[PDB]
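See below for the structure under consideration.
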Amino acid sequence: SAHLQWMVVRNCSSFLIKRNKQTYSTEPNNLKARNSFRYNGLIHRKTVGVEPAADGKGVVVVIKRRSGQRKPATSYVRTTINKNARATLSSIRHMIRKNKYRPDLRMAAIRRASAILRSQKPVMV
Amino acid sequence: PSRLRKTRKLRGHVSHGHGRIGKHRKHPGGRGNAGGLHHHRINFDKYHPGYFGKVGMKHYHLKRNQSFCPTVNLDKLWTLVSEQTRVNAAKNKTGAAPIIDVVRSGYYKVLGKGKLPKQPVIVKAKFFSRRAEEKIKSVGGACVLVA
Amino acid sequence: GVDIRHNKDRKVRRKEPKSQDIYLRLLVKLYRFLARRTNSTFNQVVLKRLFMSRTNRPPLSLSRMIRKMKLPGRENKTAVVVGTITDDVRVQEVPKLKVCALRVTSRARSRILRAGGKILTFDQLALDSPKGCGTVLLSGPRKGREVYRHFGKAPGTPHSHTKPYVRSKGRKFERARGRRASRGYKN
Amino acid sequence: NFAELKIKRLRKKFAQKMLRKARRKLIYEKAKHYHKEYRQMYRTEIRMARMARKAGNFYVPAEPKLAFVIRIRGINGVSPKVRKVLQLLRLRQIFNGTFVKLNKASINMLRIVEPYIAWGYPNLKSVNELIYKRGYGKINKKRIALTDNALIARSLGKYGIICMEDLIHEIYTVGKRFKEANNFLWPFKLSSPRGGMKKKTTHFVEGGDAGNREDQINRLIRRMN
Amino acid sequence: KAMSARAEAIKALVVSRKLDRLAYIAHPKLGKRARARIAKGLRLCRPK
Amino acid sequence: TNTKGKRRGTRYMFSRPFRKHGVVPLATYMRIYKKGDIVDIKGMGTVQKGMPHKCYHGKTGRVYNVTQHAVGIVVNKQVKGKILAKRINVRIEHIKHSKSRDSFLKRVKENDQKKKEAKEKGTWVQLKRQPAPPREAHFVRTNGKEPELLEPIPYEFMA
RNA sequence: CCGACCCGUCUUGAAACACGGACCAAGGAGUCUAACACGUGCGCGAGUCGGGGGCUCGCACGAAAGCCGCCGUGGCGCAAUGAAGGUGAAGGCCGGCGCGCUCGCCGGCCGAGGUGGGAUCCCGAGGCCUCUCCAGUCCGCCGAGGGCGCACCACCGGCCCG
Ligand SMILES: [Mg+2]
Ligand SMILES: [Mg+2]
Ligand SMILES: [Mg+2]
Ligand SMILES: [Mg+2]
Ligand SMILES: [Mg+2]
Ligand SMILES: [Mg+2]
Ligand SMILES: [Mg+2]
Ligand SMILES: [Mg+2]
Ligand SMILES: [Mg+2]
Ligand SMILES: [Mg+2]
Ligand SMILES: [Mg+2]
Ligand SMILES: [Mg+2]
Ligand SMILES: [Mg+2]
Ligand SMILES: [Mg+2]
Ligand SMILES: [Mg+2]
Ligand SMILES: [Mg+2]
Ligand SMILES: [Mg+2]
Ligand SMILES: [Mg+2]
Ligand SMILES: [Mg+2]
Ligand SMILES: [Mg+2]
């Protein structure tokens, strides 16, 4: 279960980082990268994560499917969104709210999507 | 684990958990059970009555195997046989009481603590007690002896 | 300053299970929420007894539990014990028992199920009766440990029936002076 | 169904608002009656003495039954008997204040702590200033500032005390539930007396500050708080 | 025989005051219709 | 230093009152004692048998055992920092009924009847005994007589 | 400018006209074993434990780990008391008979007794409801009282051995 796995790895995981009175986790499907039961990307039956695309343009939204709860090769479905900012946020919001896929992660994923999208325009001096 | 002891927490403290005044000397008040009659008479008498002196007959070359006589109570009696053994005799219309050998199970004396289930049962033992023989005879069971 | 005495300010009581068992902590998490968000004091008694040590959660013999269940006015009630259920080989006719417990001996478990009983864990009991309705909250003998025989007054004092500490039992070990009038006294 | 449940909730809120209006009007009128009661006593005491002087006799006023006790000395070097009495009066700090109902038992208790206390007979105004400014209710073993009338109702409504004016009346005129009312009040933590004391180590009658000053406690209260 | 003897003995049968009124109105249960009556008198208006 | 004798320092304690020697009055032997009653240990020195110890002299205890010539009394004796209930076998000459308990039963019998009587005829009556209240206001007349002036007397050498 | 005696140590009392300390770097002091006792954690549970031995490619790890069960011998516990011969832990209720003689043989049930407290649980009079009333269905909440009483305490009983 989600909680049972959480109590195992709440303080014993390779992704866990503890430094300067802070706690962070680096699993690939973690929004905000903090170590918490809510934001853990590997112990839940359904998770969603936002990552930059392979090139320096667009984002990749990855979700966990309901059948592959034990088969990591086909556990996740990935897609790449490379439209304008306002439209891109709408799709992520719609895939969370309308799909009702972990609705608490709505604003967290959008903020992470906002950070990634703004990280791809040319840097200023 | 060294890291879990008072020594790691008593660094910097001059007396190290033994007092500036009385300190931790080598052996105050004697070594071992010293002065069990003179200055530790109170502690020995308070916590260990009967400590000093001889009582009874000393017996040379005591062999514990001669006195070896394991006991068993009546409440634990039916645990020696299988579960199938008791129910089969319980449901049987014929008065076929099963045979139980506590010597086979490893007991020599059958004590009479508890109460027996209402069914006859034959007990073979080297020894019995008066109440154990009483209770067994009450439920239709008989007592026999072995050597 | 004020005239108050600080030696009793910190109440010495358990707040969480000292054990690191995730399974125990998980059901503690469940009942901690249950105790906070309901009115039934049965949750709090169960919750605080989960914090207790093994010695404070003594095993419950099967014979003792059956005796309590057979008492009048307790029929069709779910027995609850926070600890280990222990089989007793001194009882034969096992009645149907709906019992919730933290741990049950396998031979105790097999006898109950063969007799038609029902076994539920504490999580299942929460789904059954969240308010603990229709439940009997039993416990094992807290003072049934051997250590309580030694506890009490000093053995040498008059009217003391406490077990002294001896490396062996025999006529040569702590029986002469102070135990019989033939040697000094008997007190 | 939205309008049906909305109407249900509007009926709930309106009735609750009307109930608060009923409660406020009762609080308003009870305070009004107390003000009538207060001025009745003030005029009666004068009128009773006035007719005595007309008759040529004397009118002894009733022995006052309410006293305010202020701890004046520190906590260093206190005999156990004195310390126990002070703790029974809930005066565990210097310049603490509490109200004591006066009788044979209480007076003898005050006699033991006479060097350590300064006590007198407060008037109406002194009680008003203490409760309104330094009033704290010991609610659920906690010192809560008496910022609303609802807090008193939650714990003293069973005794009929629901407003600050009710509390003042019970404190001033010793009522049936004075013990519950006064024990409900947290002990008053007064400041140091501005203008300085005369001498704390001697009785007031010998020019100091300890012991009993009958009506002069009102002078001390004004400087203290 | 003493319980029944006792039992038969048991069954051997067959101004305005404005401040007082205001407390009665302020009672959460006793004055429910009381404060309801004045509430409808504050909104509804009728001649005669 | 001090001797550990049983009767040390009881020269006045066990001494008879002045002009109270002689044969013991027989009312004490005619007293009847039950269990649970309260008695005061006097400890007269006329008869030396069954004498209570000096530490129990003047103390108050409750009887639990009765014999032909003595009673068993449970009494709270303070030792150092602890109080524990001692049992002492004391002959009846050294005890007497505690008048405090007898008056307490007198009040309770009065109190229960008062509750019974007042409830029957309707009224409410005070049961708890309040302490002495402050003295209420009262008038003091003069009857045409002035209060007498008092002047501190001048000092004179008494002797 | 204000306050500020040199630390460590023994002592009722140290800044002492008490002892040690010139300064600096490195080293330096409640450890391990055995036996107990208690508390805590874990597993099993009236049983528990293979630690000795044996069995598995002879061995980087692995001198580990795994397994034995007619390898549980054995240790500790499941019975105590007596010096020893030894002995050894079940009564409650209902019936006829001697004599229901303070009484023995049975019959039937039940299975560690009873008293007072005892968290908890159960029953529960009666109340809380809507725009309303007489008309009654479903469960929820508050609750005077009553009952079964965990562990534990105190006492009275009962049984075992000298
Ligand atoms: Mg220290
Ligand atoms: Mg010394
Ligand atoms: Mg000597
Ligand atoms: Mg402070
Ligand atoms: Mg302190
Ligand atoms: Mg001083
Ligand atoms: Mg000034
Ligand atoms: Mg002084
Ligand atoms: Mg020193
Ligand atoms: Mg020295
Ligand atoms: Mg000296
Ligand atoms: Mg000097
Ligand atoms: Mg020296
Ligand atoms: Mg030197
Ligand atoms: Mg170094
Ligand atoms: Mg191995
Ligand atoms: Mg063996
Ligand atoms: Mg051994
Ligand atoms: Mg009891
Ligand atoms: Mg007994």
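Any read-out appearing in this document is the output of simple, stated calculations on the displayed coordinates, not a laboratory observation. No Cβ is skipped: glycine too gets one built from the backbone with ideal geometry, and neighbour counts run over all protein chains shown.
Here are a few things to note about the model shown:
- Per the listing D:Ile117, D:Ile46, D:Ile75, D:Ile94, the residue uniquely touching a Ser or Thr at 6+ places or on another chain (Cβ under 9 Å) and either aliphatic (A, V, I, L, M) or more than 16 Å from ligand 5 (Cβ to nearest atom) (or both) is D:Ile94.
- Being more than 19 Å from D:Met224 (Cβ to Cβ), within 16 Å of RNA strand G (Cβ to nearest atom) and of a type outside the set (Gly, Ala, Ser) holds for only one residue in D:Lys179, D:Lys158, and it is D:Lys158.
- Scan the stretch B:2-22 for residues that are on the phi > 0 side of the Ramachandran plot, under 44 Å from the mean Cα position of the chain (by Cα) and exposed (fewer than 10 other Cβ atoms within 10 Å of the Cβ) and the total you get is 1.
- Considering the stretch C:1-56, the residues that are among the β-branched types (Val, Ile, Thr) and more than 30 Å from D:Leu89 (Cβ to Cβ) include one that is nearest to ligand 5 (Cβ to nearest atom), namely C:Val12.
- Checked against the criterion of being in contact with a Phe, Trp or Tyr (Cβ under 7 Å, 6 or more places away or on another chain) and within 30 Å of C:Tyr148 (Cα to Cα), the stretch C:108-117 has no qualifying residue.
- Residue match in the stretch C:35-55 (condition: within 13 Å of another protein chain (Cβ to nearest Cβ) and either under 12 Å from C:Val82 (Cβ atoms) or more than 8 Å from RNA strand G (Cβ to nearest atom) (or both)): no
- With respect to the conditions (1) of a type in the set (S, T, N, Q); (2) over 30 Å from D:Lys65 (Cα atoms); (3) surrounded by 10 or more Cβ atoms within 10 Å (Cβ to Cβ), F:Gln68 lacks only one, and its number is (3).
- Residue within the stretch C:3-16 that is more than 9 Å from RNA strand G (Cβ to nearest atom) and either within 20 Å of C:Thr105 (Cβ to Cβ) or within 14 Å of chain A (Cβ to nearest Cβ) (or both) present: yes
- Residue match in the stretch F:90-100 (condition: of a type in the set (A, V, I, L, M, F, W, C), surrounded by 10 or more Cβ atoms within 10 Å (Cβ to Cβ) and in a strand (DSSP E or B)): yes
- The set of residues from the stretch D:52-85 being out of contact with any strand residue (DSSP E or B) (no Cβ under 7 Å at 6 or more places or on another chain) and either within 16 Å of RNA strand G (Cβ to nearest atom) or over 23 Å from C:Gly1 (Cβ atoms) (or both) comprises D:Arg53, D:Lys54, D:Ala55, D:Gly56, D:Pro61, D:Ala62, D:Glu63, D:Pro64.
- Inter-residue pairs, beta-carbon under 7 Å, first closer than 17 Å to D:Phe95 by Cα and within 14 Å of ligand 8 (Cβ to nearest atom) and in the stretch D:192-205, second of a type in the set (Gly, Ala, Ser) and part of a loop (DSSP other than H, G, I, E, B), 6+ apart: D:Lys199/D:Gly207; D:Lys199/D:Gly208; D:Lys200/D:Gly208; D:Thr201/D:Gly208; D:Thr202/D:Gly208
- Strands (runs of 3 or more DSSP E) enclosed by the stretch B:32-147 - at least 1 residues per element that are more than 14 Å from chain C (Cβ to nearest Cβ) and over 30 Å from C:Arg114 (Cα atoms): B:122-125, B:143-145
- Scan of the stretch D:72-81 for residues that are within 11 Å of ligand 8 (Cβ to nearest atom), of a type outside the set (D, E, K, R) and surrounded by 12 or more Cβ atoms within 10 Å (Cβ to Cβ), ordered by number: D:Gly74, D:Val78
- Some residue of the stretch A:9-29 being within 14 Å of chain C (Cβ to nearest Cβ), outside any loop (DSSP other than H, G, I, E, B), more than 26 Å from A:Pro122 (Cβ to Cβ) and of a type in the set (A, V, I, L, M): yes
- Within the stretch C:17-34, the set of residues being exposed (fewer than 11 other Cβ atoms within 10 Å of the Cβ) and away from chain A (no Cβ under 14 Å) comprises C:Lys18 only.
- Helices (runs of 4 or more DSSP H) wholly inside chain E containing at least 2 residues that are of a type outside the set (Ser, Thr, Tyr) and within 14 Å of chain D (Cβ to nearest Cβ): E:18-26, E:32-43
- Qualifying residue in the stretch D:128-151 (condition: of a type in the set (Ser, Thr, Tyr), touching a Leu at 6+ places or on another chain (Cβ under 8 Å) and part of a loop (DSSP other than H, G, I, E, B)): no
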